[PDB]
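Per the authors' numbering, the very first residue in the sequence shown carries number 2; after that it's consecutive.
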Amino acid sequence: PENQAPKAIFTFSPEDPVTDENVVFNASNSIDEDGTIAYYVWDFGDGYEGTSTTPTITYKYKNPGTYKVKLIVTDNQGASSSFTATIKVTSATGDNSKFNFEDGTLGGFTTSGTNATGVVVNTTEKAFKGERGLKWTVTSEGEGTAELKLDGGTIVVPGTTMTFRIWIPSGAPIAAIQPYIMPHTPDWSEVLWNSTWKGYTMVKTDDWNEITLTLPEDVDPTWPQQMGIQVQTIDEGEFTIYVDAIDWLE
Ligand SMILES: [Ca+2]
Ligand SMILES: [Ca+2]
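Structure below.
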C-alpha cells in the first residue's frame with residue numbers, strides 16, 4: 002500500500018513587495034492525499050530558511066532582487082514534495098537605476114529639436130522611483146521632432162536591453178514617441194538606428210509608460226552611441242514629458 006508523496010504548492014501576497022515589507026506565503030492548498038502534512042520547510046532564497054507545522058508564514062526581504070522561494074512539504078510518513086516560485090523585491094525608497102537622477106543632475110542629458118524646442122530640468126514634481134527624475138518641456142511650432150539625448154561614448158554593450166520610464170501627457174500635439182539608441186562611427190559616416198516606436202494612440206496618457214529597447218548584438222562595441230527619447234510633433238503646442246529610472250543590467 003505505497004505511501005503517496007504530498008502535493009506542495011504556495012502563493013504569496015503582495016505580488017510585488019518592497020524591501021522590509023511583509024510577504025505572506027500561503028501553502029494552504031498543499032495536501033497529503035493519503036495522510037497528513039507534518040511540516041512545511043521554506044528557503045527564502047536570501048540565505049534564510051524557516052519551518053512551520055501550519056501552511057502560512059510571513060517574511061521580509063532586506064535587499065532588492067529576484068529570489069527563488071522553495072517550499073518542501075513533508076507528510077506523516079516522511080515523504081516530501083517541493084514547489085519553487087520566484088519573487089521580485091524592489092527598493093522601498095531610493096532609485097538604483099543606471100539613470101536615477103537622485104543626485105539632482107541632468108546626468109549628461111541635453112535637448113535638441115527642429116520646428117520644436119526642448120528644455121530639460123531635474124525635478125521632484127514627478128518621479129518613477131526615488132524622489133527625482135527629468136522634466137522635459139517641449140514647445141513645438143508645427144510638424145517637427147524633439148530629442149532628449151545623451152552623447153555618447155560607450156553607453157551599453159551590444160545585446161543590452163534598456164528599460165525607459167516615460168510619463169506622457171494627454172492632449173499633446175504629438176504623433177509618436179520613441180526611445181532610441183544610435184551607434185555611429187566617430188566621424189558620423191555610418192549611423193545605426195535602433196528604436197522602440199510607440200504611436201501616441203498606443204500609449205498610456207497621464208501615466209508612466211515602461212518601454213524597453215535592445216541594442217542588437219552585432220553592433221560594433223567601439224562605436225560611440227547616442228541614447229535618448231525622440232518625439233514627433235504634428236502641431237503647435239507646449240507639453241511636458243517626465244523621464245526617470247532608465248535601467249539595464251551589467
Ligand atoms: Ca502521504
Ligand atoms: Ca529617480
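Even for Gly, the Cβ is constructed at its ideal location relative to N, Cα and C.
- Secondary structure of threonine 213 (DSSP, three-state): strand.
- Look at the beta carbons and you see the region 31 to 45 not touching the region 112 to 132: under three pairs across the two are nearer than 8 Å.
- Straight through space, the alpha carbons of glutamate 211 and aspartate 35 are spaced by roughly 48 Å.
- Counting along the chain, the unbroken beta strand (DSSP E) around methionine 163 starts and ends at 162 to 169.
- Closest by C-alpha distance to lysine 205, out of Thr59, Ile242, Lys8, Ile88, is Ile242.
- The beta carbon of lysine 127 sits no closer than 7 Å to any heavy atom of ligand 2.
- In this structure, the CA atom of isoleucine 10 is about 20 Å from the CA atom of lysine 61.
- Check the Cα spacing between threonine 12 and each of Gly145, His185, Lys71, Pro222: the tightest is with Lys71.
- Annotated three-state conformation of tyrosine 62 is coil, per DSSP.
- The beta carbon of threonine 37 is closer than 6 Å to those of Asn77 in its chain, skipping five residues each way along the sequence.
- The region 227 to 244 makes contact with the region 157 to 175; the number of CB pairs closer than 8 Å reaches 3 or more.
- Of all alpha-carbon atoms in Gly79, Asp219, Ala147, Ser14, the one lying nearest the alpha-carbon of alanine 28 is that of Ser14.
- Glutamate 16 and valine 158 do not touch by the CB rule: their CB atoms are close to 32 Å apart, not below 8 Å.
- Listed in chain order, the non-local C-beta contacts of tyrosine 40 below 6 Å within the same chain comprise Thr52, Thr54, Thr75, local neighbours out to five positions each way being set aside.
- For the set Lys63, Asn30, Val25, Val232, the Cα lying nearest the Cα of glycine 143 is the one of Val232.
- For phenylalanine 110, the shortest C-beta to heavy atom distance toward ligand 2 is 7 Å or greater.
- The beta carbon of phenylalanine 102 sits closer than 7 Å to the beta carbons of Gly108, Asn123, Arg133, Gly134, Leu135, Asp245 from its chain, once the five residues preceding and following it are set aside; these are given in chain order.
- With a threshold of 7 Å, the Cβ atom of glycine 36 counts as near ligand 1, since some heavy atom of the ligand is closer than that.
- The beta carbon of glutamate 126 sits closer than 7 Å to those of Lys136, all from its chain and outside the five residues before and after it, given in chain order.
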